[PDB]
Amino acid sequence: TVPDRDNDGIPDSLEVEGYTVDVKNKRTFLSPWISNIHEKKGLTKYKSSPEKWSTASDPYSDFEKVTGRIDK
Amino acid sequence: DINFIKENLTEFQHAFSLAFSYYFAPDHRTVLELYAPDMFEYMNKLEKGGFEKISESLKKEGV
Ligand SMILES: [Ca+2]
Ligand SMILES: [Ca+2]
């Protein structure tokens with residue numbers, strides 16, 4: 001089990017140092033930022049707070065925002 | 001060919017030692033599985049007994 005302080009789905013080392021969300025076949029996948037792969041595909045590099053369930057204190061987690069599991 | 005291999009095994013060495021770091025930095029091993037699912041299994045074959053036969057086959061030459 002990787003550590004997770006804020007229980008927001010994504011691990012602590014990914015929030016501090018960068019991450020992104022990619023799809024491979026038709027399956028979402030939350031992966032750390034690799035500039036060799038993810039930059040050509042036009043993705044974004046997210047950073048958040050490893051101790052806040054929602055970094056901007058709204059009622060939507062950092063997992064729900066970047067993935068799409070949100071009110072549309 | 002044994003010449004291109006002999007002249008470019010440095011990049012054949014960086015290609016392995018990079019994937020060794022992905023398999024054991026525990027936050028991102030799954031970035032190896034969904035971007036290279038055969039290199040992941042090859043390192044899984046190493047970790048599940050493959051490292052034993054490369055460890056036991058050196059002390060037998062330690063005589
Ligand atoms: Ca977290
Ligand atoms: Ca967070």
# chains A, B, ... in the order shown; residues from 1 in each chain; ligands from 1
$ residues_near_ligand --ligand "ligand 1" --cutoff "10 Å" --atoms "only C-alpha atoms and all ligand atoms" --output "list in words"
residues 2, 3, 4, 5, 6, 7, 8, 9, 10, 11, 12, 13, 14, 15, 16, 48, 49, 50, 51, 52, 53, 54, 61, 62 and 63 of chain A
$ write_last_selection --atoms "C-alpha atoms" --output "PDB file, in the first residue's frame"
ATOM      1  CA  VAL A   2       1.374   3.363  -1.123  1.00  0.00           C
ATOM      2  CA  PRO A   3       0.783   6.120   1.459  1.00  0.00           C
ATOM      3  CA  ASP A   4      -2.127   8.517   1.113  1.00  0.00           C
ATOM      4  CA  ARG A   5      -2.597  11.198   3.751  1.00  0.00           C
ATOM      5  CA  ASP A   6      -5.770  12.876   2.504  1.00  0.00           C
ATOM      6  CA  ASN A   7      -7.702   9.801   1.235  1.00  0.00           C
ATOM      7  CA  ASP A   8      -8.262  11.387  -2.184  1.00  0.00           C
ATOM      8  CA  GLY A   9      -7.343   8.381  -4.290  1.00  0.00           C
ATOM      9  CA  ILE A  10      -4.025   9.619  -5.662  1.00  0.00           C
ATOM     10  CA  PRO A  11      -0.752   9.007  -3.784  1.00  0.00           C
ATOM     11  CA  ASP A  12       1.403  11.553  -2.000  1.00  0.00           C
ATOM     12  CA  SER A  13       4.463  11.407  -4.244  1.00  0.00           C
ATOM     13  CA  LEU A  14       2.339  12.123  -7.320  1.00  0.00           C
ATOM     14  CA  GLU A  15       0.630  15.235  -5.946  1.00  0.00           C
ATOM     15  CA  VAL A  16       3.856  16.979  -4.980  1.00  0.00           C
ATOM     16  CA  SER A  48      -1.890  19.543  -5.793  1.00  0.00           C
ATOM     17  CA  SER A  49      -1.730  19.323  -2.009  1.00  0.00           C
ATOM     18  CA  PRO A  50      -0.792  15.935  -0.503  1.00  0.00           C
ATOM     19  CA  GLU A  51      -2.756  16.674   2.683  1.00  0.00           C
ATOM     20  CA  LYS A  52      -5.978  18.287   1.421  1.00  0.00           C
ATOM     21  CA  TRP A  53      -8.825  16.204   0.024  1.00  0.00           C
ATOM     22  CA  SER A  54      -9.648  19.202  -2.163  1.00  0.00           C
ATOM     23  CA  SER A  61     -11.608  16.108  -4.756  1.00  0.00           C
ATOM     24  CA  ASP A  62      -8.484  16.341  -6.857  1.00  0.00           C
ATOM     25  CA  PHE A  63      -9.278  12.851  -8.133  1.00  0.00           C
TER      26      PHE A  63
END
$ residues_around --residues "stretch 12-27 of chain B" --least-positions-apart "3" --cutoff "12 Å" --atoms "only C-alpha atoms" --output "ChimeraX atom specification"
/A:1-4,10-15,17,19,30-32,34 /B:4-9,30-33,35-47
$ write_last_selection --atoms "N, CA and C atoms" --output "compact mmCIF listing (two decimals), in the first residue's frame"
# COMPACT_ATOMS: atom_id res chain seq x y z
N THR A 1 0.82 -1.20 0.00
CA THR A 1 0.00 0.00 0.00
C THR A 1 0.86 1.26 0.00
N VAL A 2 0.69 2.08 -1.03
CA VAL A 2 1.37 3.36 -1.12
C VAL A 2 0.70 4.31 -0.13
N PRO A 3 1.41 5.26 0.46
CA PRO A 3 0.78 6.12 1.46
C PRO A 3 -0.13 7.16 0.83
N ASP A 4 -1.13 7.57 1.60
CA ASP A 4 -2.13 8.52 1.11
C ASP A 4 -2.68 9.25 2.34
N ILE A 10 -5.31 9.53 -4.97
CA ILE A 10 -4.03 9.62 -5.66
C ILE A 10 -2.92 9.72 -4.62
N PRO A 11 -1.74 9.14 -4.85
CA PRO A 11 -0.75 9.01 -3.78
C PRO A 11 0.01 10.30 -3.56
N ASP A 12 0.78 10.32 -2.47
CA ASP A 12 1.40 11.55 -2.00
C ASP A 12 2.54 12.00 -2.90
N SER A 13 3.33 11.06 -3.41
CA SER A 13 4.46 11.41 -4.24
C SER A 13 4.04 11.93 -5.61
N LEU A 14 2.83 11.61 -6.05
CA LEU A 14 2.34 12.12 -7.32
C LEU A 14 1.80 13.54 -7.21
N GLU A 15 1.19 13.90 -6.08
CA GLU A 15 0.63 15.23 -5.95
C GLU A 15 1.72 16.29 -5.87
N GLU A 17 5.00 16.13 -6.96
CA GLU A 17 5.99 16.19 -8.02
C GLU A 17 5.41 16.11 -9.42
N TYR A 19 1.71 14.92 -12.01
CA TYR A 19 0.97 13.75 -12.47
C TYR A 19 0.05 14.19 -13.61
N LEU A 30 -4.16 6.91 -14.14
CA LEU A 30 -3.60 8.06 -13.44
C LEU A 30 -2.13 7.79 -13.17
N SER A 31 -1.26 8.49 -13.88
CA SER A 31 0.16 8.17 -13.95
C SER A 31 0.99 9.40 -13.64
N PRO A 32 2.22 9.23 -13.16
CA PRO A 32 3.08 10.38 -12.92
C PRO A 32 3.58 10.97 -14.23
N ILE A 34 5.64 11.94 -17.12
CA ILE A 34 6.80 11.55 -17.89
C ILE A 34 6.82 12.42 -19.13
N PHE B 4 26.89 -3.62 -34.41
CA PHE B 4 26.00 -2.61 -33.84
C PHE B 4 25.71 -2.89 -32.37
N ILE B 5 25.60 -4.17 -32.01
CA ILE B 5 25.46 -4.56 -30.61
C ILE B 5 26.72 -4.21 -29.83
N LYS B 6 27.88 -4.52 -30.41
CA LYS B 6 29.19 -4.27 -29.75
C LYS B 6 29.48 -2.77 -29.63
N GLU B 7 28.95 -1.95 -30.54
CA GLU B 7 29.21 -0.52 -30.52
C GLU B 7 28.14 0.29 -29.80
N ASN B 8 27.00 -0.32 -29.49
CA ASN B 8 25.91 0.41 -28.86
C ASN B 8 25.28 -0.40 -27.74
N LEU B 9 26.10 -1.05 -26.92
CA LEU B 9 25.54 -1.72 -25.76
C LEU B 9 25.44 -0.80 -24.56
N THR B 30 3.16 0.74 -12.21
CA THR B 30 2.05 0.60 -13.13
C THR B 30 2.21 1.44 -14.38
N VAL B 31 3.15 2.39 -14.38
CA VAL B 31 3.44 3.13 -15.60
C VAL B 31 4.35 2.30 -16.50
N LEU B 32 4.92 1.23 -15.96
CA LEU B 32 5.67 0.30 -16.79
C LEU B 32 4.74 -0.76 -17.37
N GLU B 33 3.69 -1.10 -16.63
CA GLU B 33 2.80 -2.18 -17.06
C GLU B 33 1.90 -1.75 -18.20
N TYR B 35 2.46 0.81 -20.29
CA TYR B 35 3.17 1.39 -21.41
C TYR B 35 4.16 0.42 -22.03
N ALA B 36 4.44 -0.70 -21.37
CA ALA B 36 5.34 -1.74 -21.86
C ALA B 36 5.01 -3.05 -21.16
N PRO B 37 3.94 -3.74 -21.55
CA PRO B 37 3.46 -4.87 -20.75
C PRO B 37 4.30 -6.13 -20.86
N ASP B 38 5.31 -6.15 -21.73
CA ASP B 38 6.22 -7.28 -21.84
C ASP B 38 7.53 -7.05 -21.11
N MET B 39 8.00 -5.79 -21.08
CA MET B 39 9.12 -5.43 -20.21
C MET B 39 8.73 -5.56 -18.74
N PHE B 40 7.46 -5.33 -18.42
CA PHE B 40 6.99 -5.55 -17.06
C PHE B 40 7.02 -7.02 -16.69
N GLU B 41 6.60 -7.89 -17.61
CA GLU B 41 6.60 -9.32 -17.33
C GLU B 41 8.02 -9.87 -17.28
N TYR B 42 8.92 -9.32 -18.09
CA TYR B 42 10.31 -9.75 -18.08
C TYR B 42 10.98 -9.39 -16.76
N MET B 43 10.66 -8.22 -16.21
CA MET B 43 11.15 -7.89 -14.88
C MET B 43 10.39 -8.67 -13.81
N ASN B 44 9.16 -9.08 -14.11
CA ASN B 44 8.43 -9.93 -13.18
C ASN B 44 8.99 -11.35 -13.18
N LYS B 45 9.47 -11.82 -14.33
CA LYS B 45 10.13 -13.13 -14.37
C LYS B 45 11.46 -13.10 -13.64
N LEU B 46 12.15 -11.96 -13.69
CA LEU B 46 13.36 -11.79 -12.89
C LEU B 46 13.05 -11.83 -11.40
N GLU B 47 12.05 -11.06 -10.97
CA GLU B 47 11.79 -10.91 -9.55
C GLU B 47 11.18 -12.17 -8.94
$ closest_residue --among "A:23, A:56, A:70, A:37" --to "ligand 2" --atoms "only C-alpha atoms and all ligand atoms"
A:56
$ residues_around --residues "residue A:41" --least-positions-apart "5" --cutoff "10 Å" --atoms "only C-alpha atoms" --output "list in words"
residues 22, 35 and 36 of chain A
$ select_by_dssp --residues "chain A" --states "alpha helix (DSSP H)" --output "number ranges by chain"
A: 12-17, 35-38, 62-67
$ atom_distance --atom1 "atom CA of residue A:44" --atom2 "atom CA of residue A:21"
8.4 Å
$ atom_distance --atom1 "atom CA of residue B:50" --atom2 "atom CA of residue B:62"
19.7 Å
$ select_by_dssp --residues "chain A" --states "strand (DSSP E or B)" --output "ChimeraX atom specification"
/A:19-23,28-32,46
$ write_last_selection --atoms "N, CA, C and O atoms" --output "short mmCIF file (atom, residue, chain, number, x, y, z; two decimals), in the first residue's frame"
data_model
loop_
_atom_site.label_atom_id
_atom_site.label_comp_id
_atom_site.auth_asym_id
_atom_site.auth_seq_id
_atom_site.Cartn_x
_atom_site.Cartn_y
_atom_site.Cartn_z
N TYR A 19 1.71 14.92 -12.01
CA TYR A 19 0.97 13.75 -12.47
C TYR A 19 0.05 14.19 -13.61
O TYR A 19 -0.07 15.37 -13.91
N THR A 20 -0.61 13.21 -14.21
CA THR A 20 -1.55 13.44 -15.30
C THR A 20 -2.45 12.22 -15.43
O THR A 20 -2.23 11.20 -14.77
N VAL A 21 -3.46 12.32 -16.28
CA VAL A 21 -4.43 11.26 -16.47
C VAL A 21 -4.53 10.94 -17.95
O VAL A 21 -4.87 11.81 -18.76
N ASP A 22 -4.23 9.69 -18.31
CA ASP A 22 -4.19 9.24 -19.68
C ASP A 22 -5.13 8.06 -19.85
O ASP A 22 -5.43 7.34 -18.89
N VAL A 23 -5.61 7.85 -21.08
CA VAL A 23 -6.40 6.68 -21.44
C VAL A 23 -5.59 5.84 -22.40
O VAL A 23 -4.88 6.37 -23.26
N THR A 28 -9.23 4.61 -18.17
CA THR A 28 -8.50 5.73 -17.59
C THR A 28 -7.34 5.23 -16.74
O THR A 28 -7.37 4.12 -16.20
N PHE A 29 -6.32 6.06 -16.63
CA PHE A 29 -5.09 5.66 -15.98
C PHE A 29 -4.41 6.90 -15.44
O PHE A 29 -4.11 7.82 -16.20
N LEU A 30 -4.16 6.91 -14.14
CA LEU A 30 -3.60 8.06 -13.44
C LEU A 30 -2.13 7.79 -13.17
O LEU A 30 -1.79 6.96 -12.32
N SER A 31 -1.26 8.49 -13.88
CA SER A 31 0.16 8.17 -13.95
C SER A 31 0.99 9.40 -13.64
O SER A 31 0.52 10.53 -13.82
N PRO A 32 2.22 9.23 -13.16
CA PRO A 32 3.08 10.38 -12.92
C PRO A 32 3.58 10.97 -14.23
O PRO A 32 3.54 10.34 -15.28
N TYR A 46 -0.33 18.30 -13.59
CA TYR A 46 -1.04 18.77 -12.42
C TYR A 46 -0.17 18.67 -11.17
O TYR A 46 0.64 17.76 -11.04
#
$ decode --residues "stretch 26-62 of chain A" --atoms "N, CA, C and O atoms" --output "PDB file, in the first residue's frame"
ATOM      1  N   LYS A  26      -9.548   2.012 -23.627  1.00  0.00           N
ATOM      2  CA  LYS A  26     -10.697   2.800 -23.217  1.00  0.00           C
ATOM      3  C   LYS A  26     -10.743   2.857 -21.703  1.00  0.00           C
ATOM      4  O   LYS A  26     -11.822   2.885 -21.109  1.00  0.00           O
ATOM      5  N   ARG A  27      -9.582   2.820 -21.063  1.00  0.00           N
ATOM      6  CA  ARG A  27      -9.471   2.680 -19.620  1.00  0.00           C
ATOM      7  C   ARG A  27      -8.670   3.860 -19.109  1.00  0.00           C
ATOM      8  O   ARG A  27      -7.552   4.092 -19.577  1.00  0.00           O
ATOM      9  N   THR A  28      -9.233   4.608 -18.166  1.00  0.00           N
ATOM     10  CA  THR A  28      -8.504   5.726 -17.587  1.00  0.00           C
ATOM     11  C   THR A  28      -7.345   5.226 -16.743  1.00  0.00           C
ATOM     12  O   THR A  28      -7.369   4.118 -16.203  1.00  0.00           O
ATOM     13  N   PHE A  29      -6.322   6.060 -16.632  1.00  0.00           N
ATOM     14  CA  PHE A  29      -5.092   5.656 -15.977  1.00  0.00           C
ATOM     15  C   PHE A  29      -4.410   6.897 -15.440  1.00  0.00           C
ATOM     16  O   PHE A  29      -4.114   7.819 -16.201  1.00  0.00           O
ATOM     17  N   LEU A  30      -4.158   6.909 -14.139  1.00  0.00           N
ATOM     18  CA  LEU A  30      -3.595   8.058 -13.444  1.00  0.00           C
ATOM     19  C   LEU A  30      -2.126   7.789 -13.171  1.00  0.00           C
ATOM     20  O   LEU A  30      -1.790   6.963 -12.321  1.00  0.00           O
ATOM     21  N   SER A  31      -1.258   8.494 -13.877  1.00  0.00           N
ATOM     22  CA  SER A  31       0.156   8.172 -13.952  1.00  0.00           C
ATOM     23  C   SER A  31       0.986   9.402 -13.640  1.00  0.00           C
ATOM     24  O   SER A  31       0.520  10.530 -13.820  1.00  0.00           O
ATOM     25  N   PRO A  32       2.215   9.227 -13.156  1.00  0.00           N
ATOM     26  CA  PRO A  32       3.080  10.382 -12.922  1.00  0.00           C
ATOM     27  C   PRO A  32       3.575  10.975 -14.226  1.00  0.00           C
ATOM     28  O   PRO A  32       3.542  10.343 -15.280  1.00  0.00           O
ATOM     29  N   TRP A  33       4.045  12.213 -14.137  1.00  0.00           N
ATOM     30  CA  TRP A  33       4.396  12.974 -15.325  1.00  0.00           C
ATOM     31  C   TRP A  33       5.701  12.461 -15.902  1.00  0.00           C
ATOM     32  O   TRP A  33       6.744  12.524 -15.248  1.00  0.00           O
ATOM     33  N   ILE A  34       5.636  11.945 -17.122  1.00  0.00           N
ATOM     34  CA  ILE A  34       6.803  11.545 -17.887  1.00  0.00           C
ATOM     35  C   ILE A  34       6.825  12.421 -19.125  1.00  0.00           C
ATOM     36  O   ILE A  34       5.962  12.289 -19.999  1.00  0.00           O
ATOM     37  N   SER A  35       7.802  13.319 -19.196  1.00  0.00           N
ATOM     38  CA  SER A  35       7.818  14.328 -20.244  1.00  0.00           C
ATOM     39  C   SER A  35       8.164  13.758 -21.609  1.00  0.00           C
ATOM     40  O   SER A  35       7.883  14.406 -22.621  1.00  0.00           O
ATOM     41  N   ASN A  36       8.769  12.571 -21.663  1.00  0.00           N
ATOM     42  CA  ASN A  36       9.051  11.945 -22.949  1.00  0.00           C
ATOM     43  C   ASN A  36       7.775  11.453 -23.613  1.00  0.00           C
ATOM     44  O   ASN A  36       7.640  11.522 -24.838  1.00  0.00           O
ATOM     45  N   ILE A  37       6.830  10.956 -22.824  1.00  0.00           N
ATOM     46  CA  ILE A  37       5.597  10.402 -23.364  1.00  0.00           C
ATOM     47  C   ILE A  37       4.475  11.427 -23.357  1.00  0.00           C
ATOM     48  O   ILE A  37       3.859  11.697 -24.389  1.00  0.00           O
ATOM     49  N   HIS A  38       4.191  11.999 -22.189  1.00  0.00           N
ATOM     50  CA  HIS A  38       2.975  12.768 -21.974  1.00  0.00           C
ATOM     51  C   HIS A  38       2.992  14.141 -22.622  1.00  0.00           C
ATOM     52  O   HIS A  38       1.926  14.742 -22.770  1.00  0.00           O
ATOM     53  N   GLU A  39       4.154  14.665 -22.994  1.00  0.00           N
ATOM     54  CA  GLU A  39       4.166  16.013 -23.537  1.00  0.00           C
ATOM     55  C   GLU A  39       3.797  16.030 -25.010  1.00  0.00           C
ATOM     56  O   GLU A  39       3.181  16.993 -25.475  1.00  0.00           O
ATOM     57  N   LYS A  40       4.156  14.980 -25.750  1.00  0.00           N
ATOM     58  CA  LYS A  40       3.783  14.896 -27.158  1.00  0.00           C
ATOM     59  C   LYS A  40       2.284  14.710 -27.330  1.00  0.00           C
ATOM     60  O   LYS A  40       1.712  15.175 -28.321  1.00  0.00           O
ATOM     61  N   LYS A  41       1.637  14.045 -26.378  1.00  0.00           N
ATOM     62  CA  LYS A  41       0.216  13.743 -26.449  1.00  0.00           C
ATOM     63  C   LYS A  41      -0.656  14.925 -26.062  1.00  0.00           C
ATOM     64  O   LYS A  41      -1.883  14.806 -26.110  1.00  0.00           O
ATOM     65  N   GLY A  42      -0.059  16.050 -25.679  1.00  0.00           N
ATOM     66  CA  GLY A  42      -0.814  17.254 -25.401  1.00  0.00           C
ATOM     67  C   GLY A  42      -1.492  17.288 -24.056  1.00  0.00           C
ATOM     68  O   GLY A  42      -2.507  17.970 -23.900  1.00  0.00           O
ATOM     69  N   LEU A  43      -0.959  16.580 -23.068  1.00  0.00           N
ATOM     70  CA  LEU A  43      -1.596  16.516 -21.767  1.00  0.00           C
ATOM     71  C   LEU A  43      -1.133  17.675 -20.886  1.00  0.00           C
ATOM     72  O   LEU A  43      -0.373  18.548 -21.308  1.00  0.00           O
ATOM     73  N   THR A  44      -1.603  17.686 -19.642  1.00  0.00           N
ATOM     74  CA  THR A  44      -1.318  18.745 -18.690  1.00  0.00           C
ATOM     75  C   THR A  44      -0.594  18.134 -17.495  1.00  0.00           C
ATOM     76  O   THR A  44      -0.735  16.945 -17.210  1.00  0.00           O
ATOM     77  N   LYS A  45       0.204  18.943 -16.805  1.00  0.00           N
ATOM     78  CA  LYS A  45       0.951  18.514 -15.631  1.00  0.00           C
ATOM     79  C   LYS A  45       0.314  19.126 -14.394  1.00  0.00           C
ATOM     80  O   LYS A  45       0.406  20.338 -14.183  1.00  0.00           O
ATOM     81  N   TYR A  46      -0.328  18.299 -13.586  1.00  0.00           N
ATOM     82  CA  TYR A  46      -1.044  18.772 -12.415  1.00  0.00           C
ATOM     83  C   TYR A  46      -0.173  18.670 -11.172  1.00  0.00           C
ATOM     84  O   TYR A  46       0.642  17.760 -11.037  1.00  0.00           O
ATOM     85  N   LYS A  47      -0.358  19.615 -10.259  1.00  0.00           N
ATOM     86  CA  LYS A  47       0.225  19.544  -8.931  1.00  0.00           C
ATOM     87  C   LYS A  47      -0.838  19.951  -7.930  1.00  0.00           C
ATOM     88  O   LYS A  47      -1.650  20.834  -8.202  1.00  0.00           O
ATOM     89  N   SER A  48      -0.846  19.299  -6.774  1.00  0.00           N
ATOM     90  CA  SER A  48      -1.890  19.543  -5.793  1.00  0.00           C
ATOM     91  C   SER A  48      -1.286  19.440  -4.400  1.00  0.00           C
ATOM     92  O   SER A  48      -0.065  19.419  -4.231  1.00  0.00           O
ATOM     93  N   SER A  49      -2.152  19.378  -3.395  1.00  0.00           N
ATOM     94  CA  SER A  49      -1.730  19.323  -2.009  1.00  0.00           C
ATOM     95  C   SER A  49      -1.811  17.899  -1.507  1.00  0.00           C
ATOM     96  O   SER A  49      -2.892  17.301  -1.579  1.00  0.00           O
ATOM     97  N   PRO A  50      -0.736  17.322  -0.970  1.00  0.00           N
ATOM     98  CA  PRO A  50      -0.792  15.935  -0.503  1.00  0.00           C
ATOM     99  C   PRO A  50      -1.533  15.736   0.802  1.00  0.00           C
ATOM    100  O   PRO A  50      -1.628  14.595   1.259  1.00  0.00           O
ATOM    101  N   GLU A  51      -2.065  16.791   1.413  1.00  0.00           N
ATOM    102  CA  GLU A  51      -2.756  16.674   2.683  1.00  0.00           C
ATOM    103  C   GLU A  51      -4.164  17.235   2.672  1.00  0.00           C
ATOM    104  O   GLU A  51      -4.839  17.179   3.703  1.00  0.00           O
ATOM    105  N   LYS A  52      -4.622  17.781   1.554  1.00  0.00           N
ATOM    106  CA  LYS A  52      -5.978  18.287   1.421  1.00  0.00           C
ATOM    107  C   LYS A  52      -6.750  17.389   0.469  1.00  0.00           C
ATOM    108  O   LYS A  52      -6.254  17.055  -0.611  1.00  0.00           O
ATOM    109  N   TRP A  53      -7.955  16.993   0.886  1.00  0.00           N
ATOM    110  CA  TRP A  53      -8.825  16.204   0.024  1.00  0.00           C
ATOM    111  C   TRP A  53      -9.252  16.994  -1.193  1.00  0.00           C
ATOM    112  O   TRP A  53      -9.441  16.420  -2.265  1.00  0.00           O
ATOM    113  N   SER A  54      -9.405  18.302  -1.047  1.00  0.00           N
ATOM    114  CA  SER A  54      -9.648  19.202  -2.163  1.00  0.00           C
ATOM    115  C   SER A  54      -8.746  20.405  -1.983  1.00  0.00           C
ATOM    116  O   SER A  54      -8.849  21.106  -0.974  1.00  0.00           O
ATOM    117  N   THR A  55      -7.861  20.637  -2.952  1.00  0.00           N
ATOM    118  CA  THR A  55      -6.831  21.655  -2.804  1.00  0.00           C
ATOM    119  C   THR A  55      -7.413  23.060  -2.777  1.00  0.00           C
ATOM    120  O   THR A  55      -6.892  23.928  -2.072  1.00  0.00           O
ATOM    121  N   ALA A  56      -8.505  23.297  -3.494  1.00  0.00           N
ATOM    122  CA  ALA A  56      -9.140  24.603  -3.508  1.00  0.00           C
ATOM    123  C   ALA A  56     -10.325  24.688  -2.559  1.00  0.00           C
ATOM    124  O   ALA A  56     -11.100  25.640  -2.649  1.00  0.00           O
ATOM    125  N   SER A  57     -10.498  23.690  -1.692  1.00  0.00           N
ATOM    126  CA  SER A  57     -11.493  23.626  -0.616  1.00  0.00           C
ATOM    127  C   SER A  57     -12.939  23.612  -1.109  1.00  0.00           C
ATOM    128  O   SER A  57     -13.858  23.817  -0.317  1.00  0.00           O
ATOM    129  N   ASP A  58     -13.174  23.349  -2.386  1.00  0.00           N
ATOM    130  CA  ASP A  58     -14.514  23.140  -2.918  1.00  0.00           C
ATOM    131  C   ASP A  58     -14.942  21.705  -2.634  1.00  0.00           C
ATOM    132  O   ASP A  58     -14.135  20.896  -2.187  1.00  0.00           O
ATOM    133  N   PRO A  59     -16.224  21.330  -2.844  1.00  0.00           N
ATOM    134  CA  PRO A  59     -16.594  19.941  -2.551  1.00  0.00           C
ATOM    135  C   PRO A  59     -16.314  18.950  -3.662  1.00  0.00           C
ATOM    136  O   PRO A  59     -17.139  18.074  -3.924  1.00  0.00           O
ATOM    137  N   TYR A  60     -15.150  19.040  -4.291  1.00  0.00           N
ATOM    138  CA  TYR A  60     -14.752  18.122  -5.345  1.00  0.00           C
ATOM    139  C   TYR A  60     -13.292  17.795  -5.124  1.00  0.00           C
ATOM    140  O   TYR A  60     -12.469  18.707  -5.032  1.00  0.00           O
ATOM    141  N   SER A  61     -12.969  16.510  -5.049  1.00  0.00           N
ATOM    142  CA  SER A  61     -11.608  16.108  -4.756  1.00  0.00           C
ATOM    143  C   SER A  61     -10.712  16.361  -5.957  1.00  0.00           C
ATOM    144  O   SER A  61     -11.171  16.675  -7.055  1.00  0.00           O
ATOM    145  N   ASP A  62      -9.409  16.219  -5.744  1.00  0.00           N
ATOM    146  CA  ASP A  62      -8.484  16.341  -6.857  1.00  0.00           C
ATOM    147  C   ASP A  62      -8.575  15.147  -7.791  1.00  0.00           C
ATOM    148  O   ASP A  62      -8.239  15.270  -8.969  1.00  0.00           O
TER     149      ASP A  62
END
